[PDB]
Amino acid sequence: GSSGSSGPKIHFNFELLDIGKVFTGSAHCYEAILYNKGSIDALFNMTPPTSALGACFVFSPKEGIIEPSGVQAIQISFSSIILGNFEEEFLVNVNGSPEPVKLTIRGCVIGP
């Protein structure tokens, strides 16, 4: 909608995902469902982070399509040795949509 800046058609089951504390040097298993509020096929894509703690994360599928009036499971994997809290932000490139689906993930890495 040219006028009245609107948002994307797809939306995550939640706004922010808290993973709490996580042991160092260990793989984390997480998921994220994405509902496509589009009439027809909706092209989506995940953009790589810039920070270090952000890269560690692995979102998939790196790209694809979310059928209309449905959902799409997102495989998330985080693993890093860098201790201490960290705050990153991921975006989802969508063809047409004015702005991507920003997703903030908060977590804390600790060790022995």
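Counting in the authors' numbering, the sequence shown runs from 1 upward without gaps.
The C-beta atom is built at its ideal place from N, Cα and C for all residues, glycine as well.
Open item on the list: I believe residue 95 touches residue 67 by the beta-carbon criterion, under 8 Å. Please report the beta-carbon distance rounded to the nearest angstrom.
Closed with: As a working note, residue 95 is residue 95 in the sequence shown. As a working note, residue 67 is residue 67 in the sequence shown. Not quite, the Cβ-Cβ distance comes to about 15 Å (not below 8 Å), so this is no contact.
- [ ] Indicate the three-state DSSP secondary structure (helix, strand or coil) for residue 52 in the structure shown.
- [x] Counting from 1 along the sequence shown, the entry for residue 52 is found at position 52. In this structure, residue 52 counts as helix in the three-state DSSP scheme.
Task: Per-residue burial, residue 141 [other beta carbons within 10 Å of its own, 16 or more giving buried] - done: With the chain running from 1 to 112 in the structure shown, residue 141 is simply not present.
Open item on the list: Assuming contact is defined by CB atoms lying nearer than 9 Å, are residue 53 and residue 31 in contact in what I supplied?
Closed with: For the purposes of this step, residue 53 is taken as the residue at position 53 of the sequence shown. For the purposes of this step, residue 31 is taken as the residue at position 31 of the sequence shown. No.
Task: beta strand (DSSP E) segment containing residue 73, residue limits - done: One-based indexing of the sequence shown puts residue 73 at position 73. Where residue 73 is concerned, the enclosing beta strand (DSSP E) stretches over 73-78.
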